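Novice: Structure below; questions to follow.
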Amino acid sequence: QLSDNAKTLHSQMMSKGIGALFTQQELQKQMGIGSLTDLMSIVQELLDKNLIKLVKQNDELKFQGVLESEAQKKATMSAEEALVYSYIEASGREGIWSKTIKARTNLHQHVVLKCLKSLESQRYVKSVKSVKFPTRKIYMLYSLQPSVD
Amino acid sequence: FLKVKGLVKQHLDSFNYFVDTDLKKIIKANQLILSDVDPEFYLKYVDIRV
DNA sequence: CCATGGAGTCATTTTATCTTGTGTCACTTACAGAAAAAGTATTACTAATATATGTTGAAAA
DNA sequence: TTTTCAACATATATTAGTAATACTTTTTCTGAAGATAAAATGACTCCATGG
């Protein structure tokens, strides 16, 4: 059920969520009882309904629990920022840099600027000028700044 | 034979077949240009005439 | 002490390479973006002027 | 109905003063055949031990 499996599949996330290492294989590890296209229909919608997330690492694709703070955050973010923003926080520590976001998003530097500045007013990302040469202004989450110097 | 089809068709007829046919085909190859921004825009070539 | 094994040097090919190619007229036609600096366009005011401009509409035929 | 008016209005430009903001610029500032050779080929020989 959309709301039931929404809240109980959010319950395995809010309890543990198999940490960050959680992949879709761990779904069948806990609840595999659901049919494939159904549990995936509600996975797809809860990611659309921003009650779950997906992280890109290693084998398969990771999932995690997400609350309305960052959920209404990203749904409030534009369609431009949509994949952009959540892709930025993937670094979370070392940040990421201008042109290396351009190729990954397949946009210009024309547009990726204005959504960045939008995120600057948003203050969910902060300008960071790191050890390597100050041509960069790498961008990590406005909240977190673990870094090498 | 030579009265109907002139002595030089070679430069004539190929140039005619150009200005009539290929010009219509060249834009028929690229009739759409949209740069990447403002997903609602497009410029569609349709006709060529001289 | 001597035949052996192993290597070290030393001719020897076969591949990778570069300089040429008759003479004479006579016309011809450094990437891009980033930041700092400089400067400015509104952004209100009268306040006179006199076109443009739009609309509209009212007024007349 | 249509046309002329009118009329209403509103920019348009000057000169100011601010003051503040926003906004573009500019100016740094860096992230064709026959020699020549090179190497693989191979034979020679110094020099090793051992029956």
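Just so you know, all these numbers are worked out from the coordinates, no wet-lab data involved. Neighbour counts are summed over all protein chains in view; Cβ atoms, including those assigned to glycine, are modelled from backbone coordinates with ideal geometry.
Novice: Which members of region A:123-142 meet the condition of being among the aromatic types (F, W, Y) and within 13 Å of DNA strand D (Cβ to nearest atom)? Explain how you work it out, then say what you get.
Specialist: Applying the first criterion (among the aromatic types (F, W, Y)) to region A:123-142 yields A:124, A:133, A:139, A:142.
Scanning region A:123-142 gives a single hit, A:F133.
Novice: Determine which member of the set A:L107, A:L21 is surrounded by 13 or more Cβ atoms within 10 Å (Cβ to Cβ) and of a type in the set (A, V, I, L, M, F, W, C).
Specialist: A:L107
Novice: Further question on the same structure: Collect the residues in region A:36-91 that are crowded, with 16+ Cβ neighbours inside 10 Å, of a type in the set (S, T, N, Q) and not in a helix (DSSP H, G or I), keeping them in residue-number order.
Specialist: Listed by number, the list holds a single entry, A:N50.
Novice: Look through region B:26-40, keep the residues that are within 14 Å of chain A (Cβ to nearest Cβ) and surrounded by 10 or more Cβ atoms within 10 Å (Cβ to Cβ), and return whichever of them is farthest from A:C115 (Cα to Cα).
Specialist: First, pick out the residues of region B:26-40 that are within 14 Å of chain A (Cβ to nearest Cβ): B:34-40.
Remaining after also requiring surrounded by 10 or more Cβ atoms within 10 Å (Cβ to Cβ): B:34, B:36-37.
Numbers: B:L34: 21, B:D36: 15, B:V37: 13 Å.
Residue satisfying both the conditions and the ranking: B:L34.
Novice: I need the full set of residues from region A:113-128 which are part of a helix (DSSP H, G or I) and surrounded by 18 or more Cβ atoms within 10 Å (Cβ to Cβ), in order please.
Specialist: A:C115, A:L116, A:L119
Novice: Could you please find all residues in region A:103-131 being more than 14 Å from DNA strand C (Cβ to nearest atom) and either more than 14 Å from every other protein chain (Cβ to nearest Cβ) or hydrophobic (A, V, I, L, M, F, W, C) (or both)?
Specialist: Residues satisfying the conditions are A:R104, A:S118, A:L119, A:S121, A:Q122, A:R123, A:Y124, A:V125, A:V131.
Novice: What do you reckon, is B:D13 at positive phi and either assigned to a loop (DSSP other than H, G, I, E, B) or without any contact (Cβ under 8 Å) to a residue 24 or more places away in the chain (or both)? Give the derivation first.
Specialist: Details: at positive phi: no; either assigned to a loop (DSSP other than H, G, I, E, B) or without any contact (Cβ under 8 Å) to a residue 24 or more places away in the chain (or both): yes.
The answer is no for B:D13.
Novice: So, one more: With the requirement that a residue be farther than 30 Å from A:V111 by Cβ and in a helix (DSSP H, G or I), what does region B:16-50 give you?
Specialist: Selection gives B:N16, B:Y17, B:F18, B:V19, B:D20, B:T21, B:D22, B:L23, B:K24, B:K25, B:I26, B:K28.
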